[PDB]
Structures are given as C-alpha cells and as structure tokens.
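Notes for the one structure printed next.
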Ligand SMILES: CC(=O)N[C@@H]1[C@@H](O[C@@H]2O[C@H](CO)[C@H](O)[C@H](O)[C@H]2O[C@@H]2O[C@@H](C)[C@@H](O)[C@@H](O)[C@@H]2O)[C@H](O[C@@H]2O[C@@H](C)[C@@H](O)[C@@H](O)[C@@H]2O)[C@@H](CO)O[C@H]1O
Ligand SMILES: CC(=O)N[C@@H]1[C@@H](O[C@@H]2O[C@H](CO)[C@H](O)[C@H](O)[C@H]2O[C@@H]2O[C@@H](C)[C@@H](O)[C@@H](O)[C@@H]2O)[C@H](O[C@@H]2O[C@@H](C)[C@@H](O)[C@@H](O)[C@@H]2O)[C@@H](CO)O[C@H]1O
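Residue numbers (the authors' numbering), protein chains in the order written: chain A, 222 to 530; chain B, 224 to 530.
If you want it as structure tokens, here you go:
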C-alpha cells in the first residue's frame, strides 16, 4: 500500500541508447545463454533505482577514460593515470569494481586520445586503442595503456581524454573471435579477482530466455564481432534512478504494445534486479514496429508463466 | 492537467544536446550582440522537438552513408543515409537531417566502415568542416578530409563518430569553432529553412542560462566552449511527459540537498530555454548534488530573485 507507481520510459527501442557503449539501440534479441555467463557491469540498475556494478548515469561517459599520460619509450604506447569525470583524483578504494563507465568486456576498443595543454590551450588528437584483456589494463588500480599513432606528441601532466568509437580484431586470426562481450576484464590485472560486481543473471523459468537490447559497435580494423547486448537501455537506468519506485514484488510484468494497431505483441518479465526475460526457445531477432514500446502492467512474481513470445 | 516536472538528474549526470559529451557546468553571460539560434537541443516544455533536434544523446554530429573518394586528395564525399541506413529524404520540412551539427567548426572524429560481404572493417581519422562549401547536409552530401586515399570502399555503410574540434594554429587562437554561427545547410548561396527561432532574454536584468561543456580539442587552439539551452535528458523528458504549459514560464528552483536551501531560481520558458537575473559573465558554482525543481507556473514578466 502506498508505493510510488512503477513505470518504464515510453521511448521506443530505436529512441534509446546502449548502456554498455555510446551507440543507439537497434533491436531486441533473445537467445539461450547457458554457454556464457551474463554478468555485464554497465547498464546495471535495480527497478527501484540502485545503480550496480560500474554503472553510472551518463550515456556519453561509457568506455571513456580521463587522466594524464606517460610515454613508454621505444613504442607508441602511453600509460594513462586515471582521473575522475570532473578531472579530480581517482580513488581506488571506493567499493566499486573499477571506475564507473569502465569497459565491461574483453576487446580492443579504438577511438581518439585527445589532450589540451593548460598554459596556451594548444590541443592534439591521435587514434588510440585500449586492449581491455591485456596485462596493463588495470583501471581499478588507476592505470590503463593506450596504443597510439604517435611516439612524441602527447605531453606529460596535461589533461587527456579517450573517446571510444568502435572495436578491432586481429585479422590474422579467426574472424569474429573478439571482442568477447560476455568476458569481463580483470579490472586490477592478471589473476586478480574482481570485486563489488553486479551479479550474473540467467532465466530460471522453463522456456524463458533473457531479452537483450542490442546494438552493433562500429568496427575499426579487421574482422570484429560487433554485437553488443545490454540488459537495460541507458534511459531505463536514468529513469529508475530518478523514479526510485519501490519494487512491490520480484517481477514487473511489461507488455510490448503497438500503438499503430492497439495490440500487444508480447509480454516479458522485468526482474526487480534489472533484467528482462521472455518465453522463447532459440536465437531470434525480434521484429518490432518502430513505434512499439514497453508498458508496465502489474507486479507478478518469479512463478508467473508468460504467454509465449 | 498533467503536472510539469524536470528531471532530478544533476548537471554532471546529464548530456550536452549539441555534442555527445557530458555537461560540466552552468554558465550565464550577455548575448545581446549576436544571435543565439542553436538547432540541436531545442524542445518545448510540452515535448515538441524543434529545429534539427532528435532524441539520441549519441546521434548528434554523427553522419552515416556511402563514401566516394575525391581523386588526387584524401577527401571523401559522403552521400548521406538515414539512421536506419535508408535513402535520405531532402524534402522533409526540417533545416537538415536531425542531429546535423548546428555550428560552424572543424569537427574531428573517426570515419568507420564495414564491408557487408566478409565483415571486414576499417577506421580513419577524419574531419568535417561545417563552414565549407561542400557542407550541404540538407542536399544530402558532406565532405570529409581523412588520412587515406584508398582504404575506404564504395557502396559500403560508413559512419562518422565525432570526438572534438580543431583550429588553424597559424591564426588567432580560439577564433574557431564559432558555436553561435549556423552552417549553411544547403551551401553558401541557399538560405536556411525551417529553423527553430532565435532566443533572447527580454526581461530587464535577465540573461540566458547555458548548460556548458568543453569539447575535446584535437589540433591547434580551438574555442572548446559549447553551450546548449537544454540538457538532452530534458529534451527526452519533455518529449515523453508532454505536460501542457500552464503559463509562458515554469519557475524552477535550484536546490542544494546538503543544506536544504535554494541556491537560485530561474525561468524555464515554455518554448525551451532558461533565463536568470544576472548581469555579466559568470560560471555558476554549484554543489555536485544540486538539482533543478519545478516550483510553479508564472508569467513571462515575473521578477526573479537575483542569481
Ligand atoms: C589495407 C589492408 O587491408 N591490410 C591488410 C592487413 O590489415 C591492416 O593491418 C594493419 C597492420 O599491418 C592495420 O592493423 C590496419 O588497420 C589493417 O587494415 C584494416 O583491416 C583490414 C582487415 C581491412 O578491413 C582494411 O581495409 C583496414 O584498414 C592485414 O593484417 C592482419 O589484420 C590486421 C587487422 C592486423 O591485425 C594485422 O596485425 C594482421 O596481420 C593483412 C593480413 O590479414 O592483410 C592486409 O591486406
Ligand atoms: C607539432 C606542432 O606542434 N606543430 C605545430 C603546428 O601544428 C601542427 O600542424 C599540422 C599541419 O601542418 C597538423 O595539423 C598537426 O595536427 C598540428 O599539431 C597539433 O596542433 C599543435 C598546435 C600542437 O598542439 C600539436 O601537439 C598538435 O598535434 C602549427 O600549425 C598550425 O596549426 C595546425 C593545427 C594546422 O592548422 C596548421 O596548418 C597551422 O599552421 C604551427 C603553427 O601554430 O606550430 C607548430 O609547432
């Protein structure tokens, strides 16, 4: 009695943003997930607005890094000592897995590393790639490495930003073998256990699968696997964070409605810990009308049987 | 009537509606001497998108299409597609494709491409000069300068992801970008159409309140300041809520949770911009947890407490 009514945004899928990389959502996808552990750290939020993992609120502070850089002699690599979003000191003892927004998959993320010299406002920018499966990827410790197209242009002790664009793959190896979107980086480096993680999720009900919000990351070199699935759109993270409507049960029943025809396409379970399941067996790209949207209908529980998708 | 609200997200939790970067601060200054007519980040309080405004925080200053190499150069012409990768339609009554840059500047980022057949991919640093003669997005074409003469393929999906801005370092520092100069969306001899209107304070002692970011600089000595009239999250919020405006102005109070006190009040005009009572340039100093709260509908001629 007296709970703030729960709701989800009325934005359509194509009007929303992937919570794991700064690109629009394209489609909904469902498939079996017994062959991987689904434990992304971005795009994690409970329905009552508790951010989990490395999740933060900005759609354009995801897979970014800020700090200052040191050149590694004999190479085009730079070590970035990480700062916070507002350029303050990074605190490695905060009870999070890594700075909020840190990439949550193993892959080679390419973008631009940019810098401004405080004294005169001179600026510079270079193509750069961060290898999140590599030994120098230690964001939790406050340090990551970038491979760039320069050995001398970046200055020390000047604010430097990495803006992600897409992913690459080693073209001499099996096509689409990376990125591995369901493999978490080791945030503190090789053989150091991750901490404070958002939990892995899986369907529990017979005949159910996770429902993913899917985008295609830009590819920047080689033959990458560009598929990227998030559990919640970034706008849903922002919505629940603000609304903070109490979860009246374990499961919010949503209906996906077509306002063009006035008919419900399918129903799904939004679990209070922040993920969606549907009743379907097999890999399936959902086909949805551009104006279709999710609408909260009622609180049910994990024993509720969904109508087949 | 449906109660009007603004998001409770703090400034640094929100996104610039004119370039895909976080908001950093609030800024006010006089703007009588020139025209404030941005086309992105334009939305009425009852949720009507204006100008070139669309809903995505990460489909702003992006481009998509097919590219063709200009022989004897490292420049490529992009024939624009839509977000769904369909043919572009120049007869829509908009100034240019939604999300088109709304300032004159040299925007640098990466041009990326996927070959459909084998999934091979490529990516190159590229710059679009929105003040250049070939910048004709309303006509379905813009030009990029890149670092290759041969790597991009024809008739393959190509995307530009913006990162920051550059300036010609052999010229007066910070002389470009010019954030308050609109591109000529159809080229230099064709006037712009279907624009969201220019905005100005009219009430004595008031100035615009800007939501400000610093665009990354990628070369030279650029002016990196970028002011939007509404955070992108406010655009998304009004679009969904569609709460009718009960008067010309929504009075907002900016509240500090650490004290429980109002820091300042401002006017959110129903056509989608904010004013404060202040004379002079000022970077507002705000607590990280400060937020805007709608307090009441007032008329346009309400007198604000001084900022
Ligand atoms: C121009 C081209 O196709 N070159 C092939 C080469 O791929 C290029 O390799 C260099 C390093 O030597 C850079 O990594 C380039 O980014 C890369 O080219 C990109 O990727 C290829 C697949 C094309 O889509 C191209 O248009 C694009 O610019 C390739 O090298 C292998 O693959 C690359 C990605 C890299 O992992 C190399 O270490 C690896 O040996 C070789 C052999 O596959 O073939 C060249 O023709
Ligand atoms: C290495 C350096 O500082 N060079 C200055 C030069 O700037 C470089 O010019 C080339 C073009 O010839 C490229 O545009 C480079 O990106 C540019 O270097 C960038 O910008 C400078 C200001 C530094 O921050 C540097 O670290 C960064 O990589 C510069 O040339 C003027 O400005 C550039 C942006 C370009 O517009 C030139 O056409 C223009 O003459 C000159 C004069 O300011 O000074 C050199 O020292």
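All C-beta atoms, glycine included, are put in the ideal place defined by N, C-alpha and C.
Point to revise | Around ligand 1, Cβ to any heavy atom closer than 6 Å, ordered along the chain | key: A:391, A:392, A:393, A:442, A:443, B:343, B:344, B:345, B:374
Practice item. Please compile the residues from chain B whose C-beta is within a distance smaller than 9 Å of the C-beta of residue 236 of chain A. Key: Position 15 of the first chain, counted from the first residue, corresponds to residue 236 of chain A. Within 9 Å Cβ-Cβ: 277, 278, 279, 459, 462.
Point to revise | Separation of residue 368 of chain A from residue 495 of chain B, as counted between CA atoms | key: Locating residue 495 of chain B in the second chain gives position 272, counting from the first residue. Locating residue 368 of chain A in the first chain gives position 147, counting from the first residue. Computed Cα separation, rounded: 43 Å.
Review point. Any heavy atom of ligand 3 closer than 7 Å to the CB of residue 389 of chain B?
Key: As presented, the structure is devoid of ligand 3, carrying ligand 1 and ligand 2 as its sole ligands.
Check your understanding: Per DSSP, what kind of secondary structure is residue 365 of chain B in: helix, strand or coil?
Key -> In the second chain, counting from the first residue as 1, residue 365 of chain B sits at position 142. Reduced to three states, the DSSP call for residue 365 of chain B is strand.
Exercise for review: Report the three-state DSSP secondary structure of residue 336 of chain A (helix, strand or coil).
Suggested key: Residue 336 of chain A sits at position 115 when you count from the first residue of the first chain. Residue 336 of chain A: strand per DSSP, three-state reduction.
Check your understanding: What residues from chain B crowd round residue 216 of chain A, counting only those whose CB sits closer than 8 Å?
Key -> Residue 216 of chain A lies beyond the residue range present for chain A, which begins at 222 and ends at 530; the question has no answer from this structure.
Review point. Expressed to the nearest angstrom, what Euclidean distance is found between the alpha-carbon atoms of residue 316 of chain B and residue 304 of chain B?
Key: The count along the second chain starts at 1 and reaches residue 316 of chain B at position 93. The count along the second chain starts at 1 and reaches residue 304 of chain B at position 81. Whole-angstrom Cα-Cα distance: 17 Å.
Review point. So which residues on chain B does residue 548 of chain A lean against when the C-beta distance must stay under 8 Å?
Key: A query on residue 548 of chain A cannot be resolved here, the shown segment of chain A reaching from 222 to 530 and no further.
Review point. Secondary structure at residue 352 of chain B, three-state DSSP: helix, strand or coil?
Key: The residue given as residue 352 of chain B occupies position 129 in the second chain. Three-state DSSP puts residue 352 of chain B in a strand.
Practice item. For my contact list, residue 236 of chain B and residue 436 of chain B are in at a C-beta cut-off of 8 Å; report their separation, rounded to the angstrom. Key: As a position in the second chain, residue 236 of chain B is number 13, starting the count at 1. As a position in the second chain, residue 436 of chain B is number 213, starting the count at 1. Not really, about 13 Å apart at Cβ, beyond 8 Å.
Point to revise | residue 442 of chain B burial status per 10 Å Cβ neighbour count (16 or more: buried) | key: Taking the second chain and counting its residues from 1, one reaches residue 442 of chain B at position 219. Residue 442 of chain B comes out buried.
Review point. Rounded to a whole number of angstroms, what is the C-alpha to C-alpha distance between residue 283 of chain B and residue 240 of chain B?
Key: Taking the second chain and counting its residues from 1, one reaches residue 283 of chain B at position 60. Taking the second chain and counting its residues from 1, one reaches residue 240 of chain B at position 17. Approximately 8 Å between the Cα atoms of the pair.
Exercise for review: Tell me whether residue 407 of chain A is buried or exposed, calling it buried when 16 or more other Cβ atoms sit within 10 Å of its Cβ.
Suggested key: In the first chain, the residue the question calls residue 407 of chain A occupies position 186. That one is buried.
Review point. What is the residue span of the beta strand (DSSP E) that residue 260 of chain A lies within?
Key: Counting from 1 along the first chain, the entry for residue 260 of chain A is found at position 39. First-last for residue 260 of chain A: undefined, no H or E at that position.
Review point. Of all the CB atoms in chain A, is at least one closer than 8 Å to the CB of residue 343 of chain B?
Key: Mapped onto the second chain, residue 343 of chain B falls at position 120. Yes - at least one Cβ of chain A is within 8 Å of the one on residue 343 of chain B.
Point to revise | Contiguous beta strand (DSSP E) assignments of at least 3 residues, all confined to the stretch 431 to 474 of chain A | key: 440 to 443, 448 to 451
Point to revise | Simplified DSSP assignment, three categories, for residue 234 of chain B | key: Along the second chain, read from residue 1 onward, the residue named residue 234 of chain B stands at position 11. Correct three-state label for residue 234 of chain B: helix.
Practice item. In angstroms with no decimal places, state the Cα-to-Cα distance between residue 509 of chain B and residue 483 of chain A. Key: Within the second chain, the letter at position 286 stands for residue 509 of chain B. Within the first chain, the letter at position 262 stands for residue 483 of chain A. Near 46 Å, if we compare the C-alpha coordinates of residue 483 of chain A and residue 509 of chain B.
Check your understanding: Does the beta carbon of residue 509 of chain A sit closer than 8 Å to a beta carbon anywhere in chain B?
Key -> Position 288 of the first chain, counting from 1, holds the residue named residue 509 of chain A. No, residue 509 of chain A does not count as interfacial toward chain B.
**Study point:** Whole-Å CB distance - residue 323 of chain A paired with residue 458 of chain A, under 8 Å assumed
**Key:** The residue labelled residue 323 of chain A in the question sits at position 102 within the first chain. The residue labelled residue 458 of chain A in the question sits at position 237 within the first chain. In fact, because the Cβ distance is near 15 Å, the residues do not count as touching under 8 Å.
Review point. Residues of chain A with CB under 9 Å from residue 439 of chain B, in chain order?
Key: Looking up residue 439 of chain B in the second chain gives position 216. By Cβ distance, chain A contributes 333, 335, 336, 337, 344, 346, 382, 384.
**Study point:** Same chain only: Cβ atoms within 6 Å of residue 251 of chain A, ignoring 5 sequence neighbours per side
**Key:** Stepping through the first chain from its first residue, residue 251 of chain A is reached at position 30. The residues are 430, 432, 499, 501, 505.
Check your understanding: List, in order along the chain, the chain A residues whose C-beta lies closer than 9 Å to that of residue 230 of chain B?
Key -> Mapped onto the second chain, residue 230 of chain B falls at position 7. Chain A residues near residue 230 of chain B: 459, 463.
Review point. In whole angstroms, what is the alpha-carbon distance linking residue 229 of chain B and residue 329 of chain A?
Key: Numbered from 1 along the second chain, position 6 holds the residue referred to as residue 229 of chain B. Numbered from 1 along the first chain, position 108 holds the residue referred to as residue 329 of chain A. Distance between the alpha carbons of residue 229 of chain B and residue 329 of chain A: 38 Å.
Check your understanding: Of all the CB atoms in chain B, is at least one closer than 8 Å to the CB of residue 363 of chain A?
Key -> Locating residue 363 of chain A in the first chain gives position 142, counting from the first residue. Closer than 8 Å: no.
**Study point:** Rounded C-alpha distance that separates residue 425 of chain A from residue 452 of chain A
**Key:** Position 204 of the first chain holds residue 425 of chain A. Position 231 of the first chain holds residue 452 of chain A. Their backbone Cα atoms lie some 16 Å apart in a straight line.
Practice item. Please list, in chain order, all residues of the same chain as residue 523 of chain B whose beta carbon is under 6 Å from its beta carbon, the five residues on each side excluded. Key: As a first step, residue 523 of chain B must be located in the second chain, where it is residue number 300. If we look at residue 523 of chain B and ignore the five residues flanking it on each side, its Cβ neighbours are 471, 472.
Point to revise | Contact set for residue 493 of chain B: own chain, Cβ-Cβ below 8 Å, skip 5 residues either direction | key: The count along the second chain starts at 1 and reaches residue 493 of chain B at position 270. Once the five neighbours on either side are set aside, the close Cβ partners of residue 493 of chain B are 267, 268, 269, 468, 470, 471, 472, 473.
Exercise for review: Consult DSSP for residue 245 of chain B and reduce its assignment to one of helix, strand or coil.
Suggested key: Residue numbering aside, residue 245 of chain B sits at position 22 when the second chain is read from its first letter. Looking at residue 245 of chain B - three-state DSSP - the assignment turns out to be strand.
Check your understanding: Going straight from the alpha carbon of residue 366 of chain B to that of residue 373 of chain B, what length do you get?
Key -> Reading the second chain from its first residue, position 143 is the one you call residue 366 of chain B. Reading the second chain from its first residue, position 150 is the one you call residue 373 of chain B. Their backbone Cα atoms lie some 16 Å apart in a straight line.
Exercise for review: Return the residue from the list B:393, B:242, B:227, B:226 that minimises the CA-CA distance to residue 434 of chain B.
Suggested key: Locating residue 434 of chain B in the second chain gives position 211, where the first residue counts as 1. When each option's Cα is compared against that of residue 434 of chain B, the closest is B:242.
Practice item. Look at the alpha carbon of residue 529 of chain A and the alpha carbon of residue 249 of chain A, and state the distance between them as a whole number of angstroms. Key: For the purposes of this step, residue 529 of chain A is taken as residue 308 along the first chain, with counting starting at 1. For the purposes of this step, residue 249 of chain A is taken as residue 28 along the first chain, with counting starting at 1. Rounded to whole angstroms, residue 529 of chain A to residue 249 of chain A spans 16 Å at the Cα level.
Review point. Where residue 397 of chain A and residue 444 of chain A are concerned, what is the direct C-alpha to C-alpha distance, given to the nearest angstrom?
Key: Within the first chain, numbered from 1, the residue matching residue 397 of chain A stands at position 176. Within the first chain, numbered from 1, the residue matching residue 444 of chain A stands at position 223. Using only the alpha carbons, I get a separation of about 6 Å.
Review point. So residue 273 of chain B packs on residue 419 of chain B, CB below 8 Å; how close in whole Å?
Key: The residue labelled residue 273 of chain B in the question sits at position 50 within the second chain. The residue labelled residue 419 of chain B in the question sits at position 196 within the second chain. 4 Å between Cβ atoms; contact.
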